[PDB]
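Each chain gets a letter, A, B and so on, in the order the sequences are listed, and its residues count up from 1.
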Amino acid sequence: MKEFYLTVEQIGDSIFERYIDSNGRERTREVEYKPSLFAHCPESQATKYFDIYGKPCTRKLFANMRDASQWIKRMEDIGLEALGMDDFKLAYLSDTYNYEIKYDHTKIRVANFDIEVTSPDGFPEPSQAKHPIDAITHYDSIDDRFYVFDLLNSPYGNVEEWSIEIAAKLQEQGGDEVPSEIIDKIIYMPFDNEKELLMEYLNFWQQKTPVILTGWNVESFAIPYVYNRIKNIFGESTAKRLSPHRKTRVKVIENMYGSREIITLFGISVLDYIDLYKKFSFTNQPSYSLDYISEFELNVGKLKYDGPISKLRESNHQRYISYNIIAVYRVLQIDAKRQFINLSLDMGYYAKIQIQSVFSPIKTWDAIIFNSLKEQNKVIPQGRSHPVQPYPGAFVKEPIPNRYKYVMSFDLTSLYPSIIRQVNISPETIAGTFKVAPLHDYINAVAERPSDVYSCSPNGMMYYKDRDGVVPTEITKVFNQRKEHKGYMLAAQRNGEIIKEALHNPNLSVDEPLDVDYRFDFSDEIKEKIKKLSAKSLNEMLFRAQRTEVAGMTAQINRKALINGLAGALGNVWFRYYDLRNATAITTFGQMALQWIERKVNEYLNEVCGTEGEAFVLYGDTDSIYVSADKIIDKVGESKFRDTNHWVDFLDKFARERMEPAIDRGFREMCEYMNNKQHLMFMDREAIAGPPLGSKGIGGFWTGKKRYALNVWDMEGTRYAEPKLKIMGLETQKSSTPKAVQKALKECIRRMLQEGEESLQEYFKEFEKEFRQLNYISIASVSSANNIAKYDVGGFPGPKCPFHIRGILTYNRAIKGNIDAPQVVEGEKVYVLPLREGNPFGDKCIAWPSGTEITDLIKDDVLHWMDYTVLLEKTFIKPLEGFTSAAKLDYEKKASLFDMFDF
DNA sequence: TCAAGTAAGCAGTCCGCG
DNA sequence: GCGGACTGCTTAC
Ligand SMILES: O=c1ccn([C@H]2C[C@H](O)[C@@H](COP(=O)(O)NP(=O)(O)OP(=O)(O)O)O2)c(=O)[nH]1
Ligand SMILES: [Ca+2]
Ligand SMILES: [Ca+2]
Ligand SMILES: [Ca+2]
Ligand SMILES: [Ca+2]
Ligand SMILES: [Ca+2]
Ligand SMILES: [Ca+2]
Ligand SMILES: [Ca+2]
């Protein structure tokens, strides 16, 4: 096999690399890597190295990395550019792996671990590590085993060994229900004392040294705690054995309102799953506890136990260990679904960076672009300092708040990356500037043509057309990968809908799910077999189709995130290729394109309808337009359609055969007007929306910018078995909105869009009557809580104190003096409830850590004083009033003359 | 919330608005 | 009581 790196580090003048050799063996080596950097040289001096602008450079080979770093300093002292890759390990990787890396995940040791620490005096601070580690479960991907290290004797209690037989039993048998499929994969090791436990763990670590280290909150808790605990018991040298190169560093992570410490283990790539999840999942959760996320992702019930966690080991050590093992498995289950580790490896090896650098788009793109240029013997420029400056972004049309019955939307393919490609926007393709007219003049095609020679953006920038810039070139490669995976995602999505349809008529029989690749549209043969399958088999296929779709979603959406991140990076001062001229060339072209096509679509449709100045485009945001199709439907006549699907087909055909060609013509003209290098503005139909044929549903409504709801029948070629609500921006979509309220508001919207005003009124009246029965957690608001200290005037709300912060201060007084009560963590999220006047908490609201039950110390009192009236009005009635006034409907039946008596 | 970008919504505080 | 200036938080893209 071809070799590939596992990890790389710079330690002084040595590169330390762990890698898989040509025989598939893990190896380590120390290399005295001599780096090269570059300086501009005279035209005379013959060279093969040129900077991205075509100016000649001399290569400087240094005796060692320290010399190179020092030279960079002196070059700054002199005031001259020091060119080349200043991150020496990236240059090392580029030299050592000068080919497209193909990696084998089966050779990469991926470790997933979790520890337990009993603490009777509150949260056990990793930086202190004053409490024994009493459990470690460590899963190894190469062995496919869970290694369980269990402390039987501690100052906080001596316990009996964990029993695998009881662990396997159902909760109803008194067991812990450790999943049967991992029972045989557990290697259990009890220990007489903590020193023994930790010494054995370190020996185990040495034999099975993680390459990728993951788990839940491992970077902020598990790793620093293990490191600091071993340091406290044995000393520094022993704790550094967690690093294969025996090198560690405390890293201070700074944010706006403080800082925290983590331990960097040289020679290990830490990918904390909570951070992977936050970056790659595209969710915003009310809580990020493993329990909450597992339930959300996997639909597994929370891990139940009696009493506080600080008494769990002593009271039920059996459950204690089982839950430690289950916690490790949950992360594995989430990754089996989401595949973020696979994604991270793909991206890391593609860019040739330390795997953990995938968290940084800037680092990722710096490496991709460096490797690309190096292949042509080109030399990258030095990074410079820039002051942070605001710059303009996308255009969003102000909609007329209203109901909108029939709607067709259209969307540009991967807009920002397409603009970069079309215009040829790159650091080295800048050709000059032209005199800009007001954006309106370009939108209306009355401005003078910018250039007869170069490719232009309406921000005034011109670009070369003779060759592609490196940014367009590299962005295209990733865009093409993204396209492939999106293809698989949509096929799986369409396949899912085929199965749902079949599920309307499941056969009475015993059979098996078909063995198929869900990434490709089902053939006619497969469809026929599906129509004969049992519900059991069909549901299994649906689950599998949906898992395939999730895998495709992960692969496609995060590759899109990467290329969009490059457009954004051009506007970040730490990016080597930072340039507001290029960042704004993109955004400004975007504004023109959206409004240009709005005009063209309006023009086209007015022509087809034979009307004048009518506004068909009702809304647009960045790269999408929403078109009223009422007149198109009315041209045929609603009474002439057989069913809902009939007009959906009709609108689909009209969009594809009439509107898209017109849109294409419009954008080709714009391309020529801007003299762009390549036409890549591809705007296809996205959604077809409307009420069910013959219903009183309103189809859709807008309340304002970034706030709307549509009843969609077809999305990007997926014809739904059942209509799907597309709701953007509304309270149903916000993590701050109480869970039960999201649900209720969503049902109100469904009724508005699908059934009509009377159905809406029926549901509202019922929710209003019954909501007081809802679990307090389901009706609590949620909010991140920052700057708590700023607003704490020992210990009451200071001036301008935010509502949720006030709740926290209320909570803090109510639990003061209590060492064991759960503390609100700065920067985390809290549940928030309003309190009725005269309550014993002495304030109008209380807040506690999200994803948790409020402590029994005050639960009863909170429940008794909860202000249901305020809650309802603020979280439900206000938003609903917004929806209904926009849609021009009433959520409460207004009086009429008919109310004048039945008999 | 360490880690690419801007636009823009709504809750809430403070306080004017005769 | 509503709206502006402002902070805080959260989405859409
Ligand atoms: O996180 C984002 C999302 C979007 N954008 C910009 C770039 C993107 O091209 C544009 C439109 O975003 P979409 O959600 O429409 N996705 P995009 O058009 O990039 O690809 P596609 O529409 O094909 O999914 O908005 C960002 O800069 N950052
Ligand atoms: Ca735990
Ligand atoms: Ca790849
Ligand atoms: Ca798009
Ligand atoms: Ca998309
Ligand atoms: Ca059937
Ligand atoms: Ca869009
Ligand atoms: Ca207001």
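- Among the protein residues, A/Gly568 comes within range of the nucleic acid bases, having at least one heavy atom under 4.0 Å from a base atom.
- Taking atom NE2 on A/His386 and atom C1' on B/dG5, their separation rounds to 16 Å, with Å as the unit.
- Between A/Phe395 and A/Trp596, the gap from one ring centroid to the other reaches at least 6.0 Å.
- Close to B/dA3, at under 4.0 Å from its OP1 or OP2, lies no side-chain N or O of A/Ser357.
- Counting all heavy atoms, side chain and backbone alike, A/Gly729 lies closest to A/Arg707 at O-NH1, 3.6 Å.
- We find that CG of A/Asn564 is positioned 18 Å from P of B/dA3, with the value rounded to whole Å.
- Atom CE of A/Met683 is separated from atom OG1 of A/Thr413 by 9.5 Å, given to the nearest 0.5 angstrom.
- If you check every strand for non-hydrogen atoms under 4.0 Å, A/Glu254 touches sugar and phosphate atoms only.
- Between atom CG of residue A/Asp366 and atom CG of residue A/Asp87 there is a gap of 8.0 Å, rounded to the nearest 0.5 Å.
- Residue A/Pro392 is in sugar-phosphate contact alone, with no base atom involved, counting any heavy-atom pair closer than 4.0 Å across all strands shown.
- DNA chain B is contacted by both A/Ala569 and A/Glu826; A/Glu826 maps to the nucleotide lying nearer its 5′ end (nearest heavy atom per residue).
- C/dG8: sugar pucker south (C1'-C2'-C3'-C4' torsion negative).
- When rounded to the nearest whole Å, the span between CD of A/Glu828 and P of C/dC9 equals 13 Å.
- Spacing between atom CG of A/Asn558 and atom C1' of B/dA3 amounts to 14 Å, rounded to whole angstrom units.
- If you check distances only, the side chain of A/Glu219 does reach the base of B/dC2 with a donor-acceptor pair under 3.5 Å.
- The environment of CD in A/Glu837 is sparse: at most 12 heavy-atom neighbours from other residues, nucleotides or ligands sit within 6.0 Å.
- Ring planes of A/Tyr288 and A/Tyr277: perpendicular class, angle over 60° (limits at 30 and 60°).
- Note on ring orientation: taking the six-membered ring where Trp is involved, the planes of A/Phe280 and A/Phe359 are parallel (angle under 30°, cut-offs 30° and 60°).
- The nearest whole Å value for the distance from the CD atom in A/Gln733 to the P atom in C/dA12 is 6 Å.
- Nucleotides C/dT7 and B/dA3 are separated by 25 Å at their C1' atoms, to the nearest Å.
- At a threshold of 4.0 angstrom between heavy atoms, the contacts of A/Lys874 are confined to the sugar-phosphate backbone, with no base atom among them.
- Contact of the A/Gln591 side chain with the A/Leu439 side chain is registered, since non-hydrogen atoms from C-beta on lie closer than 4.5 Å.
- Atom CD1 of A/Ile274 and atom P of B/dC2 are 11 Å apart (whole Å).
- The bend of the helix from B/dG5-C/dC13 to B/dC17-C/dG1, defined by the angle between the axes of its first five and last five pairs, stands at 30° to the nearest 10°.
- No side-chain heavy atom of A/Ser409 sits less than 4.5 Å from a side-chain heavy atom of A/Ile625.
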Would you be so kind as to tabulate the donor-acceptor pairs closer than 3.5 Å made by side chains of residues 340-356 of chain A, with sequence neighbours excluded?
unit_1	atom_1	unit_2	atom_2	d
A/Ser344	OG	A/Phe340	O	2.9
A/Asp346	OD1	A/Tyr103	OH	2.5
A/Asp346	OD2	A/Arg559	NH2	3.2
A/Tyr349	OH	A/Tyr5	O	2.7
A/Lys352	NZ	A/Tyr97	O	2.7
A/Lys352	NZ	A/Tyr99	O	3.1
A/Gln356	OE1	A/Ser269	OG	2.7

Quick test: give all pairs of protein nitrogen or oxygen and nucleotides 8-10 of chain B nitrogen or oxygen below 3.5 Å, distance rounded to 0.1 Å.
unit_1	atom_1	unit_2	atom_2	d
B/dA8	OP1	A/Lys705	NZ	2.7

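- For A/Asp621, whose side chain is taken as the heavy atoms from C-beta onward, the closest listed nucleotide among B/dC2, C/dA12, B/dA3 is C/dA12.
- Across the P atoms, C/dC6 and B/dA4 are found 31 Å apart, a figure rounded to whole Å.
- Residue pairs that meet the ring pair (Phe, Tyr, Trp, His ring centres under 6.0 Å) test with at least one member in residues 556-578 of chain A, sequence neighbours left out, are A/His386-A/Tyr578, A/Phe575-A/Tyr577.
- Nearest heavy atoms, A/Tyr416 versus A/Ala394: OH-CB, 3.9 Å.
- Here B/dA4 presents its P atom at 13 Å from CD1 of A/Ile369, a figure rounded to the nearest Å.
- Residue A/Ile262 is classed as a base contact, given a heavy-atom separation below 4.0 Å to a base.
- Comparing B/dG5, C/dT11, C/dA12 by their nearest atom to the side chain of A/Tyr391 picks out B/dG5.
- Whole-Å rounding puts the A/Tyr257 OH to C/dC9 P distance at 7 Å.
- Sorted by residue number, the members of residues 795-806 of chain A with any non-hydrogen atom under 4.0 Å from DNA chain B read A/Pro799, A/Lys800, A/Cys801, A/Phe803.
- Using modelled atom types, one side-chain atom of A/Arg576 and one backbone atom of A/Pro381 make a donor-acceptor pair closer than 3.5 Å.
- Here A/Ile253 lies in heavy-atom contact (under 4.0 Å) with a base.
- Taking side-chain N and O atoms only, A/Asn284 has no distance below 4.0 Å to OP1 or OP2 of C/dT10.
- By the 30° and 60° cut-offs, the orientation of the rings of A/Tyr619 relative to A/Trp702 is tilted.
- Between A/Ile779 and A/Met866, the closest side-chain pair of non-hydrogen atoms falls below 4.5 Å.
- The side chain of A/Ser736 has C/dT10 as its nearest neighbour among B/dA3, B/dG5, C/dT10.
- Using a 4.5 Å heavy-atom threshold, the side chains of A/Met715 and A/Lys726 count as touching.
- Within residues 780-793 of chain A, the residues that have a heavy atom under 4.0 Å from DNA chain B are, in order of number, A/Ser784, A/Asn786.
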